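Below: one structure, written as structure tokens.
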RNA sequence: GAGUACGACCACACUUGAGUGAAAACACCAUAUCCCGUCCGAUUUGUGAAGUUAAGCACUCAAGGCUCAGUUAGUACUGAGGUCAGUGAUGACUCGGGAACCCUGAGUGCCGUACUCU
RNA sequence: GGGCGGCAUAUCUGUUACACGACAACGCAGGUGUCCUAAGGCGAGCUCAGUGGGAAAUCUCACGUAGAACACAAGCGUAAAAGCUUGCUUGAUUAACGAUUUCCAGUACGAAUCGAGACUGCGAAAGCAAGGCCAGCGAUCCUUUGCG
RNA sequence: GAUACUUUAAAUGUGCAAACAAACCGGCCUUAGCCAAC
Ligand SMILES: [Mg+2]
Ligand SMILES: [Mg+2]
């Protein structure tokens with residue numbers, strides 16, 4: 001009502017973790033970003049140039065543009081009854097490569113390896129069995145489960 | 001006199017649903033992108049259009065032959 | 001008097017980087033040196049690292065990687081005896097020779113040795129380096145000096161001139177060379193050539209012998225009977241030796 | 001023991017805390033120059049007014065001036081003058097007493113002498129590259145400064 | 001098994017106190033006519049090589065810290081339920097999720113590129 | 001209730017606020033209509049607040065994870081710096097009607113982010129800089145100046 | 001702290017992905033794009 005600025009209420013959001021202050025590192029500088037990659041937008045509070053608005057601090061999107069020091073990202077934002085695609089521009093210090101598709105890529109790679117082996121005629125690995133089946137249980141220790149006087 | 005509340009708003013917003021975003025492959029304009037790459041891509045696309053016209057002419061001639 | 005480094009002092013303490021604690025690397029400068037345009041999607045970029053010890057000089061060509069820097073090629077001033085230089089390592093002339101040796105080895109490895117012959121003639125002149133940032137372009141690298149102070153006449157710039165004359169592209173202005181005059185804003189190629197070939201060494205050596213004639217400096221020269229009026233010729237011969245055999249290193 | 005532990009005079013410091021901005025401070029600046037042969041440096045309070053003059057002499061000149069001051073001090077001072085971390089000092093009340101011919105244009109000043117002692121190899125704490133801290137065995141104890149006082153410009157601690 | 005230069009991760013690597021250090025190197029160290037800079041060759045810059053492991057450094061050894069487990073504990077808290085109990089504060093129960101400090105056990109850097117020595 | 005008082009009428013920080021975002025009261029505690037040719041830009045050198053031992057406020061040595069400073073309120077951030085001293089400078093200019101964020105009707109205004117071109121500054125170089133990060137401001141019509 | 005500010009840290013939440021205009025494996029064409037060059 002009385003005060004609504006660009007960075008209002010970011011006291012705990014734009015702060016560094018305990019005993020982890022400092023500035024970005026050469027690993028961040030040496031990271032390659034292409035158009036079409038998935039990235040996470042995480043604001044780095046020690047840079048302060050090209051920082052995103054607080055709404056975008058935990059979101060994942062697609063890169064649509066690369067400049068000498070900046071990245072353009074598409075991020076979904078629901079407004080009233082629809083979802084908008086917002087284009088934000090940030091410095092490269094404030095993005096990270098996303099691992100949101102690791103499992104899918106791994107599944108495709110394993111499928112290719114299986115196809116190669118099946119065509120080669122190599123023996124396939126033994127398929128895993130279910131853990132919800134029956135069987136005979138041979139016990140080592142049996143006890144008595146009870147509520148005793150000393151318990152209370 | 002000046003009341004404020006959000007009481008019925010989510011219910012209103014879900015009657016015709018929250019619509020999903022437009023797919024990535026539609027409305028994929030490049031306006032506002034980094035200029036030098038844009039300028040190069042335009043030249044490549046012009047050459048590609050010329051090649052498409054030539055390929056169609058060759059197909060038509062081949063079909064006429066047989 | 002309460003102790004400072006008590007229990008609560010250690011819990012809130014953040015250690016600096018390893019090489020910052022050892023006082024070796026200026027990470028603020030390193031970030032600006034390794035930074036590159038993001039639109040150049042990780043194309044190679046090279047540093048010429050120069051480090052001067054007490055008894056040697058080191059010069060290498062380095063490209064940075066996440067796993068760790070890799071060295072394309074390295075040269076040391078301590079192997080110049082195999083080319084014909086002794087008793088006079090770690091000075092300005094040996095710096096020039098070290099730079100030229102590194103450049104020759106690098107072009108020879110990259111297979112462009114015949115092209116970009118460099119400056120077969122030696123002169124302390126200035127010639128702006130040809131760069132795309134402004135015919136096949138010359139191989140390029142940027143200079144890295146570390147924590148060293150960049151005063152006029154310092155040996156890092158002599159190392160730099162060695163490579164520039166060997167035929168490398170290293171962007172630079174002639175404002176920190178020995179012959180430069182700040183007020184007039186011009187360079188004295190005669191003075192720079194004198195320092196390249198080591199006339200000042202000869203002058204000092206003559207002075208010390210003439211003074212010590214009556215009744216520890218330059219002890220190895222005096223012991224080995226090195227005479228003045230040959231230092232310039234010795235350096236000039238070493239340059240040709242390098243340009244003939246760029247890889248002839250110390251024996252065994 | 002090892003020759004590398006020979007105690008040496010690192011430096012000598014001369015101070016005049018005039019506390020006044022007028023002509024007396026400038027005359028002190030002149031006499032300091034004529035004494036030490038190196039240009040003194042001014043010192044301002046924390047303000048914006050110069051209130052002190054001082055120097056830092058190193059070498060055989062430092063040794064000579066230290067001996068000269070010790071002549072006036074009669075080679076006798078007080079034990080509490082010595083301080084932990086190895087250093088001491090004193091003062092002179094009549095400047096011409098140090099063999100300086102009196103000039104009427106100036107008067108007399110209360111000079112202060114301080115000394116610094118240490119071994120060789122303390123560069124590792126003032127170096128730019130790989131600056132570190134000296135080990136404690138290599139340091140100098142107050143008792144050791146007292147012991148060096150004897151047999152090198154011998155005098156009386158007069159504790 | 002070591003050293004140097006550049007490094008990625010940035011305390012299992014830090015702080016304090018001791019002992020050992022083959023050869024190579026790194027370093028203290030000598031010096032001030034020239035390039036260059038200071039009140040001061042201290043720092044820095046140039047040119048050197050007599051001496052020394054005394055310090056820096058590396059390794060090993062004892063305490064605060066740091067890191068990974070265990071206990072604390074199915075405890076504190078919490079999503080869902082009742083025409084549940086209680087004047088009420090609050091509490092237990094039914095279907096699920098599930099900590100932290102303290103205390104205690106273990107250890108005390110690791111991975112690259114280039115060139116060198118025993 | 002209205003009057004009196006006040007501004008909760010433009011506008012910022014911490015809380016209210018319930019670990020995405022959003023969220024009210026003449027709710028609470030505080031700020032704003034200015035100031036700066038340097039208190040703007042860049043390169044280099046240096047380390048601060050404070051504590052302990054010495055010397056007829058100042059000089060000296062050790063320690064010192066920021067406990068100081070950054071025009072002004074507050075919160076974040078920063079140590080071979082983003083603080084302090086110093087050298088040179090005017091990027092506080094121009095910028096083909098480029099794109100975007102915040103408010104939001106996804107209108108404008110104010111503020112801000114990523115850019116392309118010109119002319120430049122500082123630096124050996126990589127680089128950095130089109131004000132002082134984030135509050136400090138204004139339609140139609142009319143008047144007036146610059147430009148072709 | 002004072003005499004509630006905070007290292008740690010839930011439950012309930014919240015963003016993205018999970019093969020038909022997409023992605024994987026090898027020819028070739030074009031660019032007055034990057035790179036010393038390809
Ligand atoms: Mg521009
Ligand atoms: Mg009017």
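Computed from the coordinates by the stated procedures, all read-outs in this text should not be read as laboratory data. Cβ sites come from the backbone with ideal geometry, for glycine too, and all protein chains shown count toward neighbours.
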Could you check, for segment B:26-44, whether at least one of its residues is exposed (fewer than 10 other Cβ atoms within 10 Å of the Cβ), more than 23 Å from the chain's Cα centre (by Cα) and more than 24 Å from residue A:90 (Cβ to Cβ)? no
Quick one: is residue C:159 within 14 Å of chain D (Cβ to nearest Cβ) and within 10 Å of the chain's Cα centre (by Cα)? no
Counted residues, segment C:163-181 - those being away from RNA strand E (no atom under 11 Å from the Cβ), assigned to a strand (DSSP E or B) and over 17 Å from residue C:142 (Cβ atoms): 0
Does residue A:109 satisfy being away from chain B (no Cβ under 14 Å), surrounded by 14 or more Cβ atoms within 10 Å (Cβ to Cβ) and over 21 Å from residue B:22 (Cβ atoms)? no
Can you give me the number of residues within segment B:1-36 that are in a helix (DSSP H, G or I) and under 26 Å from residue A:76 (Cα atoms)? 6
Can you confirm whether segment C:5-15 contains a residue that is within 22 Å of the chain's Cα centre (by Cα) and not in a loop (DSSP other than H, G, I, E, B)? no
Among strands (runs of 3 or more DSSP E) completely within segment A:40-94, the ones holding 3 or more residues that are touching a helix residue (DSSP H, G or I) at 6+ places or on another chain (Cβ under 7 Å) and surrounded by fewer than 17 Cβ atoms within 10 Å (Cβ to Cβ) are none
Might you let me know whether segment B:5-15 holds any residue that is loosely packed, with under 10 Cβ neighbours inside 10 Å, over 24 Å from residue C:39 (Cβ atoms) and within 11 Å of chain A (Cβ to nearest Cβ)? yes
Name the single residue that is farthest from residue C:147 (Cα to Cα) among those in segment C:28-50 being within 8 Å of another protein chain (Cβ to nearest Cβ) and within 9 Å of RNA strand E (Cβ to nearest atom). C:34
Exactly one of these conditions fails for residue C:76: (1) within 14 Å of chain A (Cβ to nearest Cβ); (2) touching a strand residue (DSSP E or B) at 6+ places or on another chain (Cβ under 9 Å); (3) near RNA strand E (Cβ under 7 Å from one of its atoms). Give me its number. (1)
Qualifying position, being out of contact with any strand residue (DSSP E or B) (no Cβ under 8 Å at 6 or more places or on another chain) and more than 14 Å from RNA strand E (Cβ to nearest atom), among D:89, D:69, D:22: D:22
Using beta carbons and a limit of 9 Å, which pairs, at least six apart or on different chains, have the first residue in segment A:1-20 and closer than 17 Å to residue C:13 by Cα and the second one within 9 Å of RNA strand G (Cβ to nearest atom)? A:18/C:12; A:19/C:11; A:19/C:12
Any hit, segment D:56-67, residues being within 30 Å of residue D:136 (Cβ to Cβ) and touching a helix residue (DSSP H, G or I) at 6+ places or on another chain (Cβ under 7 Å): yes
Could you please find all residues in segment D:114-126 being within 14 Å of chain C (Cβ to nearest Cβ) and surrounded by 12 or more Cβ atoms within 10 Å (Cβ to Cβ)? D:124
Within segment C:152-162, can one find any residue that is in a loop (DSSP other than H, G, I, E, B) and surrounded by fewer than 17 Cβ atoms within 10 Å (Cβ to Cβ)? yes
Helices (runs of 4 or more DSSP H) contained in segment C:188-242 and holding at least 1 residues within 27 Å of residue C:163 (Cβ to Cβ) and in contact with a helix residue (DSSP H, G or I) (Cβ under 6 Å, 6 or more places away or on another chain): C:189-197, C:199-212
Residues within segment B:21-37 that are within 7 Å of chain A (Cβ to nearest Cβ) and more than 10 Å from RNA strand G (Cβ to nearest atom), tallied: 2
